[PDB]
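Written out below as structure tokens is the structure these notes cover.
Cβ placement follows ideal geometry from the backbone for every residue including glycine, while neighbour counts extend to all protein chains displayed. Every number in this text was worked out from the coordinates using simple rules, so none of it is lab data.
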């Protein structure tokens, strides 16, 4: 997957999102560094959270 800066994924209108980005899984397109900074847990740990909780965490962080 191509990576995009946190600020880009947070502050881009849906219609302006790069075509390769799944708007429901923006976190997958963060660099490993940015993912760690934002969520503070491993990708695997995050993916093991119930989907509703993943989404709720993402909402505040601007990544929903």
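Seen through its C-alpha gyration tensor, with square-root eigenvalues sorted a ≥ b ≥ c, the range 22-64 comes out rounded because a/c lies under 1.5.
Residue 48 to residue 12: extension gain in nm, 0.36 nm per residue of separation minus the Cα-Cα distance? Can you show the working numbers first?
Working: separation 36, 0.36 × 36 = 12.96 nm, distance 2.71 nm.
Extra length from residue 48 to residue 12 when fully extended: 10.3 nm.
Extending 7 Å from the Cα toward the beta-carbon at both residue 55 and residue 22 defines two label points whose distance is 1.5 nm.
For the chain, the longest principal axis of the alpha carbon atoms and the long axis of helix 51-61 meet at an angle near 60°.
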